[PDB]
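We begin with a single chain expressed as structure tokens, specifically the form deposited in one PDB entry.
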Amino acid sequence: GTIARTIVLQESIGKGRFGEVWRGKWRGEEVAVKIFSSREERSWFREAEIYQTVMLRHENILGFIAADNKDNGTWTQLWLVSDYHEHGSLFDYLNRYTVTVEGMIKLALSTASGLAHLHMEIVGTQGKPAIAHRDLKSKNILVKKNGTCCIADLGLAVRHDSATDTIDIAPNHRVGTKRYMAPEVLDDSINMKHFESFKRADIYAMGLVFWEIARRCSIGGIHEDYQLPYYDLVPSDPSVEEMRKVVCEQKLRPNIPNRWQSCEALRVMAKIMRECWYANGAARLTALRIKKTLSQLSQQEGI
């Protein structure tokens, strides 16, 4: 179509299970283009559908430009064009850098604000349904030039129909990254007909991401090396059984260093983490409550 024909792909930057991400140039501006083959039309269409949800746009959700198709003369490529963020993922950013207390709060508050918007139902003619991500992780959050985050990779999301309390694609199977699966998803006790259960599972994953950020917060030159949650308990690319044994059976969570109690911002972050990690999803904080707590902390810090 008219957009793809004017885009020049400059570099393949990431390959995943669902499409390949390229850096391209559109109207002289850098854009990200996720490309799918003809046999991945269902994943491409579903991701285009989620990104076109009414009132979805928000500073902390990846800005979607358009879906399109490009025929090179041999085969067709299915495209999803979005904003490009040079820093890449929060995982890449946290591996490359340490952050200040201000930096950590900006990353955590922006992630929570994005998740609170995703989770929020807006009633009305131009209403927005509540959406649960189902695959939140540091590799799926991007970092903008201004040091704030935006949630991306919304292709596995589910949307709620509040009038009937049903889910648009009626999920019947586990999806997502095993390391970040909530206890109820690992032991298959989650009620997949209950939309609020998917929101609660996203909060557990956000707690893990907050732990990744807090390790990189450098105060007086003191910080931890970058690690994925559960690096100390499971192998790389862990199985559901490996994760379940640790999270559900042994009931372990990522370690919270004692020294995080010595700094008010780290104390607030550690308390949020614990309150995201409860085995009972109904006891977890909501994204809106986390946004409120961190906004109160950001104001206090003078960010």
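Numbering starts at 1 and follows the sequence shown. Superpose the two forms; the largest set of C-alphas matching within 1.5 Å is the rigid core.
What follows is about the form deposited in another entry, which we do not show.
*Asks:* Which residue moves between this form and the one not shown, judged by a Cα shift of 2 Å or more on the rigid core: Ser239, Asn255, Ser37, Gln261?
*Replies:* Shifted by 2 Å or more: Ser37 only.
*Asks:* Take the rigid core as the frame of reference and indicate whether the C-alpha of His58 shifts by 2 Å or more between this form and the one not shown.
*Replies:* Not so; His58 is displaced by less than 2 Å.
*Asks:* Establish whether a shift of 2 Å or more occurs at the C-alpha of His173 between this form and the one not shown, with the two forms superposed on the rigid core.
*Replies:* Yes; that C-alpha moves by at least 2 Å between this form and the one not shown.
*Asks:* With the core lined up, does the C-alpha of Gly24 move 2 Å or more between this form and the one not shown?
*Replies:* No; that C-alpha moves by less than 2 Å between this form and the one not shown.
*Asks:* Relative to what's shown here, the Cα pair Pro171 and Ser189 differs by 3 Å or more in the other entry. Does it come closer or drift farther?
*Replies:* It is farther: the C-alpha separation of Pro171 and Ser189 rises by at least 3 Å in the other entry.
*Asks:* Note whether the distance between the C-alpha atoms of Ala283 and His173 decreases (closer) or increases (farther) in the other entry, against the displayed form; the change is 3 Å or more.
*Replies:* Here the pair is closer than in the other entry; there, farther apart.
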